[PDB]
Amino acid sequence: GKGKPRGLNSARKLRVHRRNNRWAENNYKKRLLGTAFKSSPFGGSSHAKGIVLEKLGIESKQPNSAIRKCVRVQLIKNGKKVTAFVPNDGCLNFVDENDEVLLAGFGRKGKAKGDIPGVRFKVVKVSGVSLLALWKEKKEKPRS
Amino acid sequence: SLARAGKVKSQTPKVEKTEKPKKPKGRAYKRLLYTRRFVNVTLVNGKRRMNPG
Amino acid sequence: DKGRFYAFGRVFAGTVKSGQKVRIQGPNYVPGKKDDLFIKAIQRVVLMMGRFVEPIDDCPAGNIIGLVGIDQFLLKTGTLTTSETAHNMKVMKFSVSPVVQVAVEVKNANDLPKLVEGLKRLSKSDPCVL
Amino acid sequence: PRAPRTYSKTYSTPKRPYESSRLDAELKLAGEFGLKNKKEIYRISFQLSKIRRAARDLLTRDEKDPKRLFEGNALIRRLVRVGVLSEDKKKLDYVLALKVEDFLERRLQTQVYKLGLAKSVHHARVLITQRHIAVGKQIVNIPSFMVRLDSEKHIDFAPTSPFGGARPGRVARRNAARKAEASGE
Amino acid sequence: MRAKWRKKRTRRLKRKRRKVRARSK
RNA sequence: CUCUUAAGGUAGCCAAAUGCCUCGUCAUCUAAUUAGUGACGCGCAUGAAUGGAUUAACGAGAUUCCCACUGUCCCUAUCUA
RNA sequence: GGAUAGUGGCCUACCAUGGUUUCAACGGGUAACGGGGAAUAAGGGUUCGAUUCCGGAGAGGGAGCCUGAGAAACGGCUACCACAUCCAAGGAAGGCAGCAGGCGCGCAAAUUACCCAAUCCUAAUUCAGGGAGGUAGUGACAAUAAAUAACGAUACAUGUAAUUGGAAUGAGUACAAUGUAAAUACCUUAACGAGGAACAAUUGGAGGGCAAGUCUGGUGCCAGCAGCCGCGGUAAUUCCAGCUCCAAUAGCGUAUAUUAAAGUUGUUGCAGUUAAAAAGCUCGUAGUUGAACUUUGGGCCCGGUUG
RNA sequence: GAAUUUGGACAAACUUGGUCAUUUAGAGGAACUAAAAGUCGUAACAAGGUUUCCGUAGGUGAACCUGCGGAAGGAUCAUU
Ligand SMILES: [K+]
Ligand SMILES: [Mg+2]
Ligand SMILES: [Mg+2]
Ligand SMILES: [Mg+2]
Ligand SMILES: [Mg+2]
Ligand SMILES: [Mg+2]
Ligand SMILES: [Mg+2]
Ligand SMILES: [Mg+2]
Ligand SMILES: [Mg+2]
Ligand SMILES: [Mg+2]
Ligand SMILES: [Mg+2]
Ligand SMILES: [Mg+2]
Ligand SMILES: [Mg+2]
Ligand SMILES: [Mg+2]
Ligand SMILES: [Mg+2]
Ligand SMILES: [Mg+2]
Ligand SMILES: [Mg+2]
Ligand SMILES: [Mg+2]
Ligand SMILES: [Mg+2]
Ligand SMILES: [Mg+2]
Ligand SMILES: [Mg+2]
Ligand SMILES: [Mg+2]
Ligand SMILES: [Mg+2]
Ligand SMILES: [Mg+2]
């Protein structure tokens with residue numbers, strides 16, 4: 001006896017117990033309850049356009065330094081406001097106030113990454129031009 | 001504070017490109033790697049080494 | 001339709017085609033280096049008329065036509081060429097200037113993206129508004 | 001709509017991307033068989049993995065069982081035809097005990113070099129991709145052929161491809177045209 | 001915080017919540 | 001940190017039938033509200049059997065709003081004893 | 001009994017109180033069409049399946065109906081509900097969840113092209129029709145094969161240098177010919193088409209995981225890097241670059257979802273004294289489980305399969 | 001045998017009302033988390049300077065204090 005029924009007519013009990021105990025998985029519970037749809041402002045999607053509202057300098061968590069220069073963005077999809085990192089050396093000069101930026105996940109399925117507090121999204125495109133190709137000298141952002 | 005977004009990338013000296021011979025792309029590059037690594041040319045440094053000092 | 005704003009302009013040399021690769025020109029585009037020159041093409045050439053449009057296939061130089069498929073990359077003015085050392089023409093200076101300036105704010109804060117789109121939708125409609 | 005067009009992958013990346021021994025072995029094989037990249041090694045090891053899976057399943061099947069007999073005899077027949085498996089190892093255990101070299105030796109890129117038609121394996125590869133080697137009445141311009149051990153005695157140059165045929169070539173023709181000029185006329 | 005005193009403070013908070021919800025009808 | 005009491009208003013509650021300022025401030029109710037309700041509280045001068053708070057039910061008790069209803073009214077008219 | 005194509009509380013009149021349910025009824029949710037199947041896959045499993053086939057439902061939302069073998073049809077009609085076209089204001093006409101195409105929504109998806117030659121379907125039927133279907137355009141969704149160089153001589157130390165030479169091909173471009181319904185492209189090709197073969201391969205990295213610099217200049221807890229640990233505060237192997245090198249390679253990276261990893265859902269196969277976890281204790285319904293015992297052993301044959 | 005029409009069933013749909021579900025504004029109140037180099041004290045880790053902790057009750061700026069019963073996860077496995 002190992003604390004669970006073994007009998008040949010105990011399949012229903014075993015599957016009911018498994019059903020009850022599967023709720024303790026974070027992934028399974030999230031998938032069944034649809035948390036990514038209600039919460040997690042991105043509607044179960046990796047990608048979303050939004051409109052910048054302000055440039056902000058966020059102090060990294062200890063023992064770090066060097067504020068990360070993120071932007072507050074208003075999502076066109078549903079209307080929520082999210083703060084998004086602009087990942088490159090500098091590269092904030094290429095994103096302006098009240099500009100359209102594409103936002104993607106920040107690498108941890110939520111769970112704000114690194115020393116940046118409360119930032120769970122990053123910028124992929126600005127004004128429709130690639131943020132990486134605009135940090136590089138390949139392309140240029142259209143006048144706005 | 002903001003407005004320091006170019007403190008190192010922009011305002012510190014920028015070394016440009018350097019005209020260099022092209023690499024032999026493809027199977028030629030694989031042959032180059034094979035000869036540089038596995039015919040026992042002088043890069044071993046005891047067991048294995050792939051850069052100088 | 002909100003955001004197509006047909007392209008009124010005059011051809012001076014060469015011919016336009018519906019589906020023709022063009023080099024659109026910026027008002028400050030320096031031809032030496034990379035500047036506001038974009039690599040898109042035309043969708044449809046149109047002869048403009050009295051609040052209804054007629055699609056056209058071709059027009060020689062010295063003609064007045066509207067273009068379908070552009071102004072989503074050039075804001076106010078410029079030229080459209082196909083040669084490689086084509087300096088754009090003059091800036092078309094006017095006699096008036098924007099001197100009356102007022103603040104604009106939406107009263108519903110949740111609809112700000114529409115407002116920001118509107119300001120960049122009207123700056124391209126009227127040539128003088130800044 | 002029309003029936004779906006069945007297609008399958010031919011390779012699989014390794015579980016560990018940066019294993020030192022596997023990378024060194026892969027480079028060894030690529031250098032010694034004139035391969036363009038690791039994709040050929042991956043494809044051949046994947047196909048060999050298919051063979052190993054099939055042979056394992058048939059071995060777990062009962063001995064002298066008709067399914068085992070038929071499928072195993074077919075598998076050894078195919079391997080001995082393509083020349084990877086030797087003639088004296090028709091027992092379905094050496095099929096499991098095969099190796100990557102046993103399959104890379106039967107590449108047309110390898111046979112053309114082992115027949116003396118080229119000076120190096122890379123010279124062999126370029127001579128093949130330049131449409132210079134023909135098996136029968138068929139020019140084959142691709143390294144991987146898996147010659148069936150009967151094409152080995154017929155692997156030679158083409159009637160085209162001016163090393164074993166009629167025409168003199170293209171750069172040879174232009175060099176003749178310009179030495180005609182150099183002679184004065 | 002001792003867990004006991006955290007629980008006591010939470011109980012006082014719950015009593016305040018019950019009082020305010022009783023007022024609000 | 002002081003001056004100071006017998007103790008210095010605790011739990012509660014409030015512009016409350018108790019608040020002068022005051023038509024207090026915010027919200028809601030209306031087109032508009034010195035009215036009503038919900039909040040806030042250095043509360044002239046709230047407060048614990050001089051009982052404090054909350055209460056189902058009850059009330060020819062005081063107040064506010066809604067539906068219905070109508071000569072209360074717009075705007076009066078007619079009939080009977 | 002009526003109606004139906006007929007069975008049937010399918011509907012109707014009388015009669016009795018029946019029927020389902022902890023073996024989960026009923027109710028709620030589904031970002032639920034179902035299945036053949038797909039991804040991952042030692043075994044067992046987990047997740048997906050709107051979309052090439054099969055069955056189902058629908059044609060903006062219901063409802064109703066003629067014709068018709070077959071419709072509750074919608075490229076049919078009737079009316080209501082919401083839109084919405086035109087108007088000469090009297091009226092009239094509506095359903096792209098068909099092919100294209102357009103707006104909107106978006107992370108998100110192609111041409112308002114050609115043709116019935118292929119496959120088949122309808123007729124009165126060989127012949128006509130078919131945005132069914134096929135062809136082409138867009139297509140780094142995904143999948144297959146594999147161009148970017150190969151060989152001498154010379155000079156030097158099996159290999160290296162802006163030391164040189166003769167060969168080979170396609171990336172192209174293109175007569176014809178083929179390919180096709182006329183086609184483009186694919187295969188074969190007269191001639192043109194290599195020399196820094198500029199006809200120039202990229203995407204991410206070089207502290208560890210995880211292969212690859214204690215190189216140089218910048219920067220000085222600034223800028224920034226970093227999936228995690230962590231790196232920068234004047235010696236940065238981690239930042240910005242230069243050089244060199246590493247991995248995959250015409251592909252690589254980034255974000256989310258899922259699978260294996262996960263023996264971190266454990267039936268196989270988890271743990272519960274201290275890491276999270278034995279109910280304060282006992283009874284007890286459902287459920288699950290539950291001692292042994294009844295023809296065995298001889299002997300003779302027919303006769304199979306493997307040495 | 002058109003219009004028109006009597007009684008029925010099928011019933012779209014509208015009004016009002018009820019109920020349920022999902023989003024959502026709200027004066028004000030009361031929580032949690034993060035960032036902290038803030039103020040106040042030092043509650044716990046040593047017998048943490050009153051041993052610690054549990055349940056319950058009351059009180060106090062605040063950690064917390066105290067009464068009652070319990071545990072050692074105690075600072076005692078120890079008095080034939
Ligand atoms: K640091
Ligand atoms: Mg008080
Ligand atoms: Mg008061
Ligand atoms: Mg009040
Ligand atoms: Mg009133
Ligand atoms: Mg009193
Ligand atoms: Mg009957
Ligand atoms: Mg559905
Ligand atoms: Mg399903
Ligand atoms: Mg389905
Ligand atoms: Mg759906
Ligand atoms: Mg529709
Ligand atoms: Mg239709
Ligand atoms: Mg190239
Ligand atoms: Mg290493
Ligand atoms: Mg570097
Ligand atoms: Mg575990
Ligand atoms: Mg525990
Ligand atoms: Mg038994
Ligand atoms: Mg203390
Ligand atoms: Mg203490
Ligand atoms: Mg103590
Ligand atoms: Mg103390
Ligand atoms: Mg503990």
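A note on names: the letters A, B, ... follow the listed sequences, proteins ahead of strands, and every chain is numbered from 1. No hydrogens, no waters, no symmetry mates; every other heavy atom, side chains included, goes into these values.
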Practice problem: Decide if the distance between the centres of the six-membered base rings of H:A57 and H:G58 is under 5.5 Å while the angle between those ring planes is under 30 degrees. | Solution: yes
Practice problem: Identify the nucleotide, in any strand shown, that forms a Watson-Crick or G-U wobble pair with G:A150, with both distances under 3.5 Å; if there is none, say none. | Solution: none
Quiz item: Centres of the six-membered rings under 5.5 angstrom apart and planes under 30 degrees: does that hold for G:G37 and G:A38?
Solution: yes
Practice problem: Report yes or no: do G:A155 and G:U160 constitute a Watson-Crick or wobble pair with both atom distances shorter than 3.5 Å? | Solution: yes
Quiz item: Is it true that D:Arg22 and D:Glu26 make a salt bridge, defined as a side-chain N closer than 4.0 Å to a carboxylate O?
Solution: yes
Practice problem: Could you check if G:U7 and G:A235 make a Watson-Crick or G-U wobble pair, where both distances must be under 3.5 Å? | Solution: no
Exercise. Classify the nucleic acid contact of B:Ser10 as base, sugar-phosphate or nothing, counting any heavy atom under 4.0 Å across all strands shown.
Key: nothing
Practice problem: Go along nucleotides 210-227 of chain G 5' to 3' and tag each nucleotide: B for a protein heavy atom under 4.0 Å from its base, S when only backbone or sugar atoms are that close, - otherwise. | Solution: SBSSS---SSSBBBBBBS
Quiz item: Between D:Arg43 and G:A145, is there a side-chain N or O to OP1/OP2 distance below 4.0 Å?
Solution: yes
Practice problem: Check A:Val123 against A:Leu131 and note the closest heavy-atom contact, atom names and distance. | Solution: O-CD2, 3.2 Å
Practice problem: Please give the nucleotide sitting opposite G:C65 as a Watson-Crick or G-U wobble pair, both distances under 3.5 Å, or none. | Solution: G:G76
Self-check item: Nucleotide paired to H:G67 in any strand shown, Watson-Crick or G-U, under 3.5 Å
Solution: H:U56
Quiz item: Hey, are D:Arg178 and D:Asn175 close enough side-chain-wise for a donor-acceptor pair under 3.5 Å?
Solution: yes
Exercise. List the protein contact pattern of nucleotides 47-52 of chain G with one symbol per nucleotide (5' to 3'): B for base contact, S for sugar-phosphate-only contact, - for none; contact means a heavy-atom distance under 4.0 Å.
Key: S----B
Practice problem: Report the base-pairing partner of H:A46 (Watson-Crick or G-U wobble, both distances below 3.5 angstrom), or none. | Solution: none
Self-check item: 4.5 Å side-chain heavy-atom contact, C:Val68 and C:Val45
Solution: no
Quiz item: Mind checking who F:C66 pairs with, Watson-Crick or G-U wobble, both distances under 3.5 Å?
Solution: none
Practice problem: Give a yes or no on whether G:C199 and G:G170 pair, Watson-Crick or G-U wobble, both distances under 3.5 Å. | Solution: yes
Self-check item: Phosphate contact (G:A146 OP1 or OP2) by D:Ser144 side-chain N/O below 4.0 Å
Solution: yes
Exercise. Based on the glycosidic angle (syn within 90° of 0, else anti), state the conformation of G:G62.
Key: syn
Quiz item: Does OP1 or OP2 of G:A201 have a side-chain N or O of B:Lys23 closer than 4.0 Å?
Solution: no
Quiz item: What heavy-atom pair brings D:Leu104 and D:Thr110 nearest, and what distance separates the two atoms?
Solution: O-OG1, 3.1 Å
Practice problem: Using atom NZ of B:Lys25 as one end and atom P of G:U249 as the other, report the distance to the nearest whole Å. | Solution: 17 Å
Quiz item: Quick one: does E:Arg12 reach the base of H:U60 with a side-chain donor-acceptor pair under 3.5 Å?
Solution: yes
Exercise. Would you classify D:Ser161 as touching base, sugar-phosphate or nothing, given that sugar-phosphate means primed atoms plus P, OP1 and OP2, and contacts are heavy atoms under 4.0 Å?
Key: nothing
Quiz item: Counting any heavy atom closer than 4.0 Å, what does B:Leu43 reach on the DNA or RNA strands: base, sugar-phosphate only, or nothing?
Solution: nothing
Quiz item: Counting heavy atoms not belonging to A:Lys61, are there more than 12 under 6.0 Å from its NZ?
Solution: yes
Quiz item: When only distance counts, do a donor and an acceptor, one from the side chain of E:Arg23 and one from the base of F:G38, lie under 3.5 Å apart?
Solution: no
Exercise. Might you point out which heavy atoms bring A:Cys70 and A:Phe85 nearest each other, and give the distance in Å?
Key: SG-CD1, 3.6 Å
Practice problem: Using a cut-off of 3.5 Å for both contacts, decide if G:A276 and G:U288 are a Watson-Crick or G-U pair. | Solution: no
Quiz item: Syn or anti: how is F:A15 classified when any glycosidic angle within 90° of 0 counts as syn?
Solution: syn
Practice problem: Using the six-membered ring of each base, decide whether F:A49 stacks on its neighbour F:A48 (centre distance under 5.5 Å, planes under 30°). | Solution: no
Quiz prompt | Presence of donor-acceptor pair under 3.5 Å, side chain of B:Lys20 and base of G:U244 | solution = no
Quiz item: Got more than 12 heavy atoms from elsewhere within 6.0 Å of CD, D:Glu181?
Solution: no
Quiz item: Start at the 5' end of RNA chain G and walk down; is the nucleotide closest to A:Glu25 or to B:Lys22 reached first?
Solution: B:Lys22
Exercise. May I ask you to verify whether the side chain of D:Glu40 and the base of G:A145 hold a donor-acceptor pair under 3.5 Å?
Key: no
Quiz item: Do B:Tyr29 and B:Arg31 meet the criterion of a side-chain donor-acceptor pair at a distance under 3.5 Å?
Solution: no
Practice problem: For E:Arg11, report the nucleic acid contact type (base, sugar-phosphate, nothing); a contact means any heavy atom under 4.0 Å. | Solution: sugar-phosphate
Quiz item: Heavy atoms under 4.0 Å, any strand shown: does E:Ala3 hit a base, just sugar-phosphate, or nothing?
Solution: sugar-phosphate
Quiz item: Are G:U46 and G:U47 stacked bases, their six-membered ring centres under 5.5 Å apart and their planes under 30 degrees apart?
Solution: yes
Quiz item: In residues 31-39 of chain D, which residues come under 4.0 Å of RNA chain G by heavy atom?
Solution: D:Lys36, D:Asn37, D:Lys38, D:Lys39
Quiz item: If you look at every strand shown and take non-hydrogen atoms under 4.0 Å, does A:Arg18 touch a base, only sugar-phosphate, or nothing?
Solution: base
Self-check item: Heavy-atom side-chain contact between D:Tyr11 and D:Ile41 under 4.5 Å
Solution: no
Exercise. First locate atom OG of A:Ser46, then atom CG of A:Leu103, and finally report the distance between them rounded to the nearest 0.5 Å.
Key: 11.5 Å
Quiz item: If each of A:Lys111 and D:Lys9 is mapped to the nucleotide of RNA chain G with the nearest heavy atom, which maps nearer the 5' terminus, i.e. the 5' end?
Solution: D:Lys9
Practice problem: Could you check if F:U37 and F:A27 make a Watson-Crick or G-U wobble pair, where both distances must be under 3.5 Å? | Solution: yes
Practice problem: Give one of base, sugar-phosphate or nothing for C:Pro55, where a contact means two heavy atoms less than 4.0 Å apart. | Solution: nothing
Exercise. Answer with base, sugar-phosphate or nothing: what part of the nucleic acid does D:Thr160 contact at a heavy-atom distance below 4.0 Å?
Key: sugar-phosphate
Quiz item: Roughly how far, to the nearest 0.5 Å, is the CD1 atom of D:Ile51 from the CG atom of D:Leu96?
Solution: 10.0 Å
Quiz item: Between D:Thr10 and G:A145, is there a side-chain N or O to OP1/OP2 distance below 4.0 Å?
Solution: yes
Quiz item: Nearest 0.5 Å, what's the CZ-CD distance between A:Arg31 and A:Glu25?
Solution: 9.5 Å
Quiz item: Which part of the nucleic acid does D:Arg167 contact within heavy-atom distance under 4.0 Å: base, sugar-phosphate only, or nothing?
Solution: sugar-phosphate
Quiz item: How is A:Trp23 classified with respect to the nucleic acid when contacts are heavy atoms under 4.0 Å: base, sugar-phosphate, or nothing?
Solution: nothing
Quiz item: Can A:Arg68 and A:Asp115 be counted as an ion pair, charged N to O under 4.0 angstrom?
Solution: yes
Self-check item: Nearest atoms (heavy-atom pairs only) where D:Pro17 meets D:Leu23
Solution: O-CD2, 4.2 Å
Quiz prompt | Base-pairing result for G:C114 and G:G29, Watson-Crick or G-U at under 3.5 Å | solution = no
Exercise. Quick one: label D:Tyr42 by what it contacts on the DNA or RNA (base, sugar-phosphate, nothing), any heavy atom closer than 4.0 Å.
Key: sugar-phosphate
Quiz item: Hey, do G:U265 and G:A31 pair up, Watson-Crick or G-U wobble, with both distances short of 3.5 Å?
Solution: no
Practice problem: Please work out if A:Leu103 contacts a base, only the sugar-phosphate, or nothing of the nucleic acid, heavy-atom cut-off 4.0 Å. | Solution: nothing
Quiz item: If pairing requires Watson-Crick or G-U wobble contacts with both distances under 3.5 Å, which nucleotide is the partner of G:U21?
Solution: none
Quiz item: Looking across every strand, which nucleic acid part, if any, lies under 4.0 Å from A:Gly7 by heavy atom: base, sugar-phosphate, or nothing?
Solution: sugar-phosphate
Quiz item: Is the shortest distance from a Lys or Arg side-chain nitrogen in D:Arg52 or D:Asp57 to a carboxylate oxygen in the other one below 4.0 Å?
Solution: no
Exercise. For D:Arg174, report the nucleic acid contact type (base, sugar-phosphate, nothing); a contact means any heavy atom under 4.0 Å.
Key: base
Self-check item: Donor/acceptor link under 3.5 angstrom from D:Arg170 side chain onto base of G:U169
Solution: yes
